Amino acid sequence: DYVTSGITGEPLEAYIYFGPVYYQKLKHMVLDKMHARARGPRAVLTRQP
Amino acid sequence: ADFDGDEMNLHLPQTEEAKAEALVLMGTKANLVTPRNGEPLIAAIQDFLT
Amino acid sequence: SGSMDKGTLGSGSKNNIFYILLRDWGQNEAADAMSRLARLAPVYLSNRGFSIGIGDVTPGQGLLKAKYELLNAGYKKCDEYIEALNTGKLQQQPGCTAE
Amino acid sequence: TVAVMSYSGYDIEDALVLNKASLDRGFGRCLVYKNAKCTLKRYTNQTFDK
Amino acid sequence: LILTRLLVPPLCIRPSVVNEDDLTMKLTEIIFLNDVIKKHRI
Amino acid sequence: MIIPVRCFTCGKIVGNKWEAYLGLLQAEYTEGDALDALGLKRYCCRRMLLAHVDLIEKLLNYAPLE
Amino acid sequence: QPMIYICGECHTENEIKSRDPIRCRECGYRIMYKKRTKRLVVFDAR
Amino acid sequence: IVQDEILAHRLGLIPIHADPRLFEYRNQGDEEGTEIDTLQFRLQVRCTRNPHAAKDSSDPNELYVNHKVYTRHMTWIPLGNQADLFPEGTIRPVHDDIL
Amino acid sequence: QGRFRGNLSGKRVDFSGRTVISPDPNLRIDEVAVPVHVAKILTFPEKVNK
Amino acid sequence: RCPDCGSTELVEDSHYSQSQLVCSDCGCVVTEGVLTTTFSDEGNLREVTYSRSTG
Ligand SMILES: [Mg+2]
Ligand SMILES: [Zn+2]
Ligand SMILES: [Zn+2]
Ligand SMILES: [Zn+2]
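Chains as they are written, first to last, in the authors' numbering: chain G, 987 to 1035; chain X, 498 to 547; chain S, 647 to 745; chain V, 740 to 789; chain C, 250 to 267, 275 to 298; chain W, 1 to 66; chain A, 13 to 58; chain D, 100 to 198; chain Z, 349 to 398; chain H, 6 to 60.
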């Protein structure tokens, strides 16, 4: 397709490939993966974290 | 790394002596070239070459 | 003269312009030049536009003729060899047996 | 409704860019259910949790 | 070099709940068997 | 589960078309004629009705009911 | 005064207020669901 | 059976037919609001079985009454003097038909 | 899992984090961007002086 | 009792992850950090009756 830029307003040089594709969202989400430890419980046998 | 779902760690050195070594020795600026043969490793990647 | 490409901007080899800056002028110049390239290339290419579709993959006219011609010749020569072997007329290559 | 083009430089290696105003209208919205279970029992001695 | 006595290590290097560590169950068995011999020979 | 009110891509209000769409199908229009007679020009809108899967008609059979 | 539970099958309101076994007053079903809270909760339309 | 967050998300998207030039921006906080910068609507339905219904036991439309929640059921609740400033019928959700 | 290979040479440490990685071409090659929520957990014990 | 204040208003509280005992009266820490078992040794857990463990 012929496309116009949304920021400058002036038409792009190339013609852009446009259309419908089936996208699926996987179960890996960042909110379930962030982590950090300042200072916390220690093991009893060796007193490392 | 490739931003396809990767993960990376991070540590915060706790001593003024350890800050000085990390910055001077382990900084990126001091490590633009790999010690295997001296070729550059930090350079432009795809979509900057184009 | 010329144009910039992996051989002059990529992470492979010397002759990298960031490598020349590193050796001749220090670390700060090479680290700054890379940063400016990070900010300056995306602004060009993202307003020029650059795309791929199936027009960039469809085979043209002359290609079909060459492909058909080549396949016919190749199969005939393969036939000739297997004919040579199964008749036993095949000359053995001087490093191995007929197979 | 995807376009295949290079855009904005935050998309280099397998990263991709979404339209803020679609996320507001429902695209990619989801739900996450979790479970929590507990039980009360009677001990051999004649007493029980409460 | 030939041994006739042993040390039992402190409770620090073998916590309460392993119920107790296997080193504990080993040691209680050694003493049990030792007591068996001495009463048995007597 | 249920009909989204607005077309994700452009923002047109399509939530009020579902019942009419099934009505027009029930009169043996094709899908193409149905969408055209509802006035859904852009293809970003057409998928919004065309590819819907209405699960709330089914999920209700399992609901607690007197 | 006592708390009410909804039977899992016939939805007849029951009351326990006791250590009694969980069983429907009317039928044989043995599953109970608590009623919705009476307080209001505030949501954002976003 | 529609979860509350999802129901609230749906309600937001419905366009209201107020003219926006007559109202100020709500100040930060001040969640109680006042007649110069807020509007109120009320929604309330109870689905019940139709007693007159015959024995076909097939059509949901006949079997039940108010088994569908259209945007018709929202009633404007005038706040302050808004009932006087706005003539009747000029405050409503635009489409009257959304499900 | 023994002492030597598990607890003396390489061992667990604190004051560290872990997360997904994503792109940003507006950082200088020597900077890294950290989320606020992980900046609020980690600390550095700065001594007071003049 | 708080070593710094003497008052007995100690409240058990935790920050984002650390478990600690804090004098609520003055904002002082008196104890923190705990040693616990893990899941890795959880699977190895045995049991012995107190009768077996007491003869
Ligand atoms: Mg990867
Ligand atoms: Zn649309
Ligand atoms: Zn029942
Ligand atoms: Zn105190």
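Think of the CB as a built atom: it goes at the ideal place given N, C-alpha and C, for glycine as much as any other residue.
I need the boundaries of the alpha helix (DSSP H) containing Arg-768 (chain V), first residue and last residue.
Counting along the chain, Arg-768 (chain V) falls outside any alpha helix (DSSP H), and DSSP gives it neither H nor E.
In chain S, what lies closer than 8 angstroms to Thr-994 (chain G) by C-beta?
Simply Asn-693.
Can you give me the C-alpha to C-alpha distance between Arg-35 (chain A) and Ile-28 (chain A), rounded to a whole angstrom?
Approximately 9 angstroms, taken between the alpha carbons.
Whose C-alpha, out of V:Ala-742, V:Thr-740, V:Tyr-746 and V:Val-741, is nearest the C-alpha of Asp-544 (chain X)?
Of the listed residues, the one whose Cα sits closest to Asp-544 (chain X) is V:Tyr-746.
Could you check whether the segment 180-195 of chain D touches the segment 1002-1022 of chain G, counting it as contact only if at least three pairs of C-beta atoms, one from each stretch, sit closer than 8 angstroms?
Output reads no: the segment 1002-1022 of chain G does not touch the segment 180-195 of chain D.
Give the straight-line distance between the Cα atoms of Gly-695 (chain S) and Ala-519 (chain X), rounded to the nearest whole angstrom.
Their backbone Cα atoms lie some 42 angstroms apart in a straight line.
Write down the C-beta distance between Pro-264 (chain C) and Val-1030 (chain G) rounded to the nearest angstrom, noting that I regard them as a contact closer than 8 angstroms.
5 angstroms between Cβ atoms; contact.
What residues from chain V crowd round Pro-373 (chain Z), counting only those whose CB sits closer than 8 angstroms?
Within chain V, the residues near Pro-373 (chain Z) are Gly-748, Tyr-749 and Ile-751.
Just to be sure I understand the criterion: a residue counts if its Cβ is closer than 5 angstroms to at least one heavy atom of ligand 1. Which residues meet that?
Qualifying residues, in the order they occur: X:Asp-499 and X:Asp-501.
Which bits of chain D does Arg-51 (chain A) rub up against, with CB to CB less than 7 angstroms?
Near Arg-51 (chain A) there are no residues of chain D at all, since even the closest Cβ is about 13 angstroms away, more than 7 angstroms.
Out of Z:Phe-392, Z:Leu-375, Z:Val-384 and Z:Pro-371, which has the shortest C-alpha to C-alpha gap to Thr-512 (chain X)?
Closest by alpha carbon: Z:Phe-392.
Would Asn-732 (chain S) be called buried (16 or more neighbouring beta carbons within 10 Å of its own) or exposed?
With fewer than 16 Cβ atoms within 10 Å of its Cβ, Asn-732 (chain S) is classed as exposed.
At what residues does the beta strand (DSSP E) containing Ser-24 (chain H) begin and finish?
Taken as a continuous stretch (DSSP letters only), the beta strand (DSSP E) holding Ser-24 (chain H) covers 24-28.
Output the distance between the C-alpha atoms of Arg-768 (chain V) and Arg-58 (chain A), rounded to the nearest integer angstrom.
Distance between the alpha carbons of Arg-768 (chain V) and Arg-58 (chain A) is about 11 angstroms.
Between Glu-27 (chain A) and ligand 3, is the CB less than 7 angstroms from at least one heavy atom?
For ligand 3, not one heavy atom lies less than 7 angstroms from the Cβ of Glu-27 (chain A).
Could you list which residues in chain H have their beta carbon closer than 7 angstroms to that of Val-1030 (chain G), in chain order?
The answer, in chain order, is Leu-40.
Which word fits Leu-356 (chain Z), buried or exposed, when buried means at least 16 other C-beta atoms lie within 10 angstroms of its C-beta?
Looking at its Cβ environment, which holds fewer than 16 other Cβ atoms inside 10 Å, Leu-356 (chain Z) is exposed.
So for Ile-115 (chain D), helix, strand or coil by DSSP?
Reduced to three states, the DSSP call for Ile-115 (chain D) is strand.
Report the neighbours of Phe-696 (chain S) on chain G: residues whose CB is nearer than 7 angstroms to its CB, in chain order.
The answer, in chain order, is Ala-1000.
Between the segment 125-139 of chain D and the segment 23-36 of chain W, can you find at least three pairs of beta-carbon atoms closer than 8 angstroms?
With the cut-off at 8 angstroms, the segment 23-36 of chain W and the segment 125-139 of chain D do not touch.
Please write down, chain order preserved, every residue whose beta carbon lies under 6 angstroms from a heavy atom of ligand 3.
The answer, residue by residue, is A:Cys-19, A:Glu-21, A:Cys-22, A:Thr-24, A:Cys-36, A:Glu-38, A:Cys-39 and A:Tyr-41.
Note down the Cα distance separating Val-521 (chain X) from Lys-398 (chain Z), rounded to an integer number of angstroms.
Distance between the alpha carbons of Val-521 (chain X) and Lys-398 (chain Z): 26 angstroms.
Since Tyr-749 (chain V) and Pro-371 (chain Z) should fall inside the 8 angstroms C-beta cutoff, what is the C-beta to C-beta distance between them, to a whole number of angstroms?
Yes, they are in contact, since the Cβ atoms of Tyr-749 (chain V) and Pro-371 (chain Z) sit about 5 angstroms apart, within 8 angstroms.
At a Cβ threshold of 8 angstroms, is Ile-542 (chain X) touching chain V?
Output row for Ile-542 (chain X): interface = yes.
With 8 angstroms as the threshold, decide whether the Cβ of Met-523 (chain X) is near any Cβ in chain Z.
No, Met-523 (chain X) does not count as interfacial toward chain Z.
Flag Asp-18 (chain H) as yes when its Cβ comes closer than 7 angstroms to any non-hydrogen atom of ligand 4, and as no otherwise.
No, since every heavy atom of ligand 4 falls outside the 7 angstroms radius drawn around the Cβ of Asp-18 (chain H).
From the DSSP output, in three-state form, read off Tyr-1009 (chain G) for me.
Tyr-1009 (chain G): coil per DSSP, three-state reduction.
For chain V, find out if any of its Cβ atoms is closer than 8 angstroms to the Cβ of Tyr-1003 (chain G); answer yes or no.
Taking Cβ atoms only, chain V reaches closer than 8 angstroms to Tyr-1003 (chain G), which makes this a yes.
Determine whether the Cβ of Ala-679 (chain S) lies closer than 8 angstroms to any Cβ atom of chain X.
No, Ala-679 (chain S) lies away from the interface with chain X (no Cβ there is under 8 angstroms from its Cβ).
For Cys-19 (chain A), count neighbouring C-beta atoms within 10 Å of its own C-beta (all shown protein chains included) and say buried if the count is 16 or more, exposed if not.
Flag for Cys-19 (chain A) reads buried.
Under a CB-based cut-off of 8 angstroms, is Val-1007 (chain G) close to chain V?
Cβ-Cβ to chain V under 8 angstroms: yes for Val-1007 (chain G).
Spell out whether any CB of chain Z is found under 8 angstroms from the CB atom of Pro-688 (chain S).
At least one chain Z Cβ lies under 8 angstroms of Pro-688 (chain S).
Within this structure, are the beta carbons of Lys-359 (chain Z) and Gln-1034 (chain G) separated by less than 8 angstroms?
Yes, Cβ-Cβ distance for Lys-359 (chain Z) and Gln-1034 (chain G) is below 8 angstroms.
In or out: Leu-40 (chain W) buried (at least 16 other Cβ within 10 Å) or exposed?
By the neighbour-count rule (16 or more Cβ atoms within 10 Å), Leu-40 (chain W) is buried.
Please tell me whether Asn-290 (chain C) has its Cβ less than 8 angstroms away from any Cβ of chain H.
No, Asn-290 (chain C) does not count as interfacial toward chain H.
Of the choices V:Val-756, V:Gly-765, V:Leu-770 and V:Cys-777, whose alpha-carbon is the least far from that of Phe-8 (chain W)?
When only C-alpha atoms are compared, the closest one is V:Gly-765.
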